[PDB]
Student: 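Could you have a look at this structure, given as structure tokens, before my questions?
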Number of protein chains: 2
Amino acid sequence: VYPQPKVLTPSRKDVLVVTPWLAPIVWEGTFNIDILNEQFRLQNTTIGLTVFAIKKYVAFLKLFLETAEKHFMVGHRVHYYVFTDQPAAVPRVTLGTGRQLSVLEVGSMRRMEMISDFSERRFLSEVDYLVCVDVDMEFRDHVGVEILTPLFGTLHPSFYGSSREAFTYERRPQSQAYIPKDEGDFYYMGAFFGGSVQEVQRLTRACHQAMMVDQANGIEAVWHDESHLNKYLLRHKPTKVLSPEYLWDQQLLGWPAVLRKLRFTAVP
Amino acid sequence: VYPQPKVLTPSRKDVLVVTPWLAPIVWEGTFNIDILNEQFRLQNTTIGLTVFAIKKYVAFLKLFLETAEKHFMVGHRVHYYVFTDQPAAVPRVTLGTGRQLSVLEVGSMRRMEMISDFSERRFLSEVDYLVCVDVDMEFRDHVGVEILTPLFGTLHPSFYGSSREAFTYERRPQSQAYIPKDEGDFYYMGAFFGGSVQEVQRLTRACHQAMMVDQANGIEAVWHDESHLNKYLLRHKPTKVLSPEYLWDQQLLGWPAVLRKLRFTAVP
Ligand SMILES: O=c1ccn([C@@H]2O[C@H](COP(=O)(O)OP(=O)(O)O)[C@@H](O)[C@H]2O)c(=O)[nH]1
Ligand SMILES: O=c1ccn([C@@H]2O[C@H](COP(=O)(O)OP(=O)(O)O)[C@@H](O)[C@H]2O)c(=O)[nH]1
Ligand SMILES: OC[C@H]1O[C@H](O)[C@H](O)[C@@H](O)[C@H]1O
Ligand SMILES: OC[C@H]1O[C@H](O)[C@H](O)[C@@H](O)[C@H]1O
Ligand SMILES: [Mn+2]
Ligand SMILES: [Mn+2]
């Protein structure tokens with residue numbers, strides 16, 4: 001049992017909660033997690049989390065994993081895949097039941113290339129969704145099954161209020177990432193995207209293949225794989241969009257009125 | 001090219017536009033049909049429309065089909081399936097290109113039983129979605145691909161503002177349609193539901209099988225197949241919900257403030 005929905009009360013009066021192609025934009029107050037938890041537990045949903053920790057960024061893993069244990073997908077099956085050039089530096093963090101961690105030794109194109117190769121491996125047969133995040137981050141509040149859908153991106157925290165001409169899309173037509181000044185729905189950040197395994201195979205292959213074309217042509221998109229992620233999600237629109245609750249920098253941007261929760265935040 | 005979404009402007013301030021399980025509730029101003037038309041034309045989407053016209057209700061077919069030609073899924077592939085006990089009384093309405101009509105001779109349980117049998121037939125191999133509507137209705141405004149999703153129901157026009165204890169669910173526990181007083185999200189009407197062919201196979205089989213159980217037990221649910229449709233959509237929640245724009249009675253209920261468009265309306 002849970003509260004009845006209120007047809008004549010808006011979930012939010014201050015923000016857009018559904019895109020013009022009818023994908024939910026996920027903010028606090030738009031979902032009842034008790035309903036979603038039951039839906040996804042009935043399918044025994046398993047979520048894979050990829051994170052890269054190369055060179056000095058191995059230092060971020062301890063807090064990243066400790067705080068993921070408190071706030072990411074708790075109660076669901078989770079498998080962490082840590083891609084790193086220093087496997088001995090992976091901290092031994094104690095995980096809750098139903099949660100596992102694998103270390104994948106590596107191994108600008110690297111993240112799309114490596115997630116593409118990995119996403120095609122038969123050892124993911126049991127994993128239903130992949131979530132791909134930056135490591136220099138911590139979880140401060142719930143990040144759960146409300147994000148899961150065939151394909152999602154996350155609104156970049158510096159640009160959610162910006163008009164599209166101000167978005168830092170790739171603007172040179174000789175790049176595979178090019179987006180004209182009069183096109184674009186949102187500016188998505190490269191630091192949190194995901195979807196079903198099949199949709200993440202598709203996105204990461206397309207971005208990697210596009211990056212290889214630009215390399216052959218002697219061009220590097222302005223924001224590297226984030227430029228390619230934005231061209232891809234313009235042409236293949238996501239089935240949910242995460243609000244900046246899911247990707248925030250409090251030191252830079254504070255705690256604005258429209259953020260009811262700060263869920264996953266940058267570490268200085 | 002089309003208008004950029006406005007992250008900091010709500011699509012509506014007067015109505016709920018997403019359910020608590022993140023299914024869009026489809027109202028005017030929540031979608032840009034130009035974006036959705038392109039998505040669904042890229043898949044060469046074909047929509048099957050079932051309607052029953054038995055006994056005196058054959059009289060409603062002429063306006064139903066004429067107005068469907070003006071307003072339902074125009075530009076997409078459509079196949080009408082008219083279930084009737086009087087095939088000669090089916091009016092010969094001229095259809096737009098890419099649109100076809102078949103007459104299926106029949107043939108309280110009938111609609112769920114007949115849509116179930118029909119939805120399993122291999123001659124639907126090309127049809128992607130089924131939309132199942134009442135015939136004593138006319139289209140007055142756009143009904144298009146914004147409704148298409150794996151499973152949808154429509155908010156009943158007499159009950160969208162009601163609390164759940166006032167919903168006319170089946171309340172006897174000896175019926176397969178039973179819903180307790182403290183359960184229920186919405187009251188859906190039996191006059192407009194649909195989804196992919198697979199989800200409509202599932203819904204109509206479950207409702208028909210439940211109706212056969214109640215018959216064996218000497219019970220008939222209070223509102224017949226609408227009671228069973230509501231029990232099914234409580235346990236298998238729809239992936240979009242249509243607002244009462246899609247199922248309205250202007251003579252009964254006027255043109256209230258929250259209705260920007262009256263799309264599919266009852267005939268007296
Ligand atoms: O438009 C809404 C309003 C609420 N909720 C969620 O449904 C649950 C209960 O909502 P309610 O506002 O009734 O909160 P309560 O006052 O009972 O604590 C919470 O998880 C809300 O975030 C939602 O998904 N959509
Ligand atoms: O929150 C919104 C606002 C608008 N639209 C749709 O996007 C298109 C353009 O919206 P706009 O309000 O900019 O209308 P305009 O003033 O350009 O006629 C129309 O189909 C709107 O219904 C939408 O899907 N969600
Ligand atoms: O430092 C440059 C990087 O900035 C972000 O982390 C962005 O998501 C990456 O694609 C890359 O452009
Ligand atoms: O007249 C009774 C009928 O009323 C509505 O049309 C309802 O959707 C049907 O299931 C049936 O109960
Ligand atoms: Mn980062
Ligand atoms: Mn009717």
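Counting convention: from 1, in listed order, for ligands and their atoms alike. Numbered from 1 within each chain, the chains take letters A, B, ... in sequence-line order. Just so you know, these numbers use all the heavy atoms, side chains as well, and skip hydrogens, waters and symmetry mates.
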Student: What protein heavy atom sits nearest atom 10 (O) of ligand 4, and how far off is it?
Tutor: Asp225(B) OD1, 2.7 Å
Student: Salt-bridged, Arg263(A) to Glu245(A), with N to O below 4.0 Å?
Tutor: yes
Student: Numbering the atoms of ligand 3 from 1, which are under 4.0 Å from a heavy atom of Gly190(A)?
Tutor: 8 (O)
Student: Consider ring pair (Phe, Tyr, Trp, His ring centres under 6.0 Å). Of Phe64(B), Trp248(B), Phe192(B), which one does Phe139(B) pass it with?
Tutor: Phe64(B)
Student: Taking the side chain as everything from C-beta on, heavy atoms only, tell me whether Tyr246(A) gets closer than 4.5 Å to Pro157(A).
Tutor: no
Student: For atom 10 (O) of ligand 1, is there a protein heavy atom at a distance under 4.0 Å?
Tutor: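 Given the 4.0 Å limit, the answer for atom 10 (O) of ligand 1 is no, no protein heavy atom qualifies.
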Student: Is there a polar contact, in the sense of an N or O pair closer than 3.5 Å, between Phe31(A) and ligand 1?
Tutor: yes
Student: Checking the N or O distance criterion of under 3.5 Å, is ligand 3 in contact with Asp134(A)?
Tutor: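 No, there is no polar N/O contact under 3.5 Å.
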Student: Give me the residue, atom name and distance of the protein heavy atom closest to atom 5 (N) of ligand 1.
Tutor: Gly29(A) O, 3.7 Å
Student: Against heavy atoms of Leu16(B), which atoms of ligand 1 measure under 4.0 Å?
Tutor: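 Answer, ordered by atom number: 1 (O).
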Student: Within a strict 4.5 Å, meaning less than it, do heavy atoms of the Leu22(B) and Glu146(A) side chains meet?
Tutor: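 Sidechains of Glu146(A) and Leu22(B): in contact.
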Student: Does the protein put a heavy atom less than 4.0 Å from atom 25 (N) of ligand 1?
Tutor: yes
Student: Could you report the tightest heavy-atom contact between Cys132(A) and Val200(A), atom names first, then the distance?
Tutor: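 The pair with the smallest heavy-atom distance is SG-CG1, 4.2 Å.
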Student: Give me the nearest non-hydrogen protein atom to atom 12 (O) of ligand 4 as residue plus atom name, then the distance to 0.1 Å.
Tutor: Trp223(B) O, 2.7 Å
Student: Under 4.0 Å from atom 1 (O) of ligand 1, do we find at least one protein heavy atom?
Tutor: yes
Student: Check whether any side-chain heavy atom of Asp85(B) lies under 4.5 Å from a side-chain heavy atom of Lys55(B), and answer yes or no.
Tutor: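 Yes, at least one pair of side-chain atoms sits under 4.5 Å.
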Student: Among protein heavy atoms, which sits nearest to atom 7 (O) of ligand 1, and what does the distance come to when rounded to 0.1 Å?
Tutor: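 Result: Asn32(A) CB, 3.7 Å.
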Student: Who's the nearest protein heavy-atom neighbour of atom 12 (O) of ligand 1, and how far?
Tutor: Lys6(A) NZ, 4.6 Å
Student: Is it the side chain (CB and beyond), the backbone, both or neither of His228(B) that lies under 4.0 Å from ligand 4, heavy atoms counted?
Tutor: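 Looking at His228(B) and ligand 4, no heavy atom falls under 4.0 Å.
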Student: May I ask you to decide whether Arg110(B) forms a salt bridge with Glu113(B), counting only side-chain N to carboxylate O separations under 4.0 Å?
Tutor: no
Student: Taking only heavy atoms of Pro3(A), which atoms of ligand 1 are found under 4.0 Å from at least one of them?
Tutor: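 Going through ligand 1 atom by atom, the ones under 4.0 Å from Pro3(A) are 9 (C), 13 (O).
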Student: Provide the number and element of each atom of ligand 4 under 4.0 Å from a heavy atom of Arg111(B).
Tutor: 8 (O), 9 (C), 10 (O)
Student: Are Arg111(A) and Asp134(A) close enough that some pair of their side-chain heavy atoms sits under 4.5 Å apart?
Tutor: yes
Student: Can you find a side-chain donor-acceptor pair between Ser243(B) and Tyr160(B) that sits under 3.5 Å?
Tutor: no
Student: Side chain to side chain donor-acceptor pair (under 3.5 Å) with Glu183(B): which of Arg235(B), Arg164(B), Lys231(B)?
Tutor: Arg235(B)
Student: Any atoms of ligand 4 less than 4.0 Å from a non-hydrogen atom of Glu226(B)? List them with their elements.
Tutor: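 The atoms of ligand 4 under 4.0 Å from a heavy atom of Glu226(B) are 7 (C), 8 (O), 10 (O).
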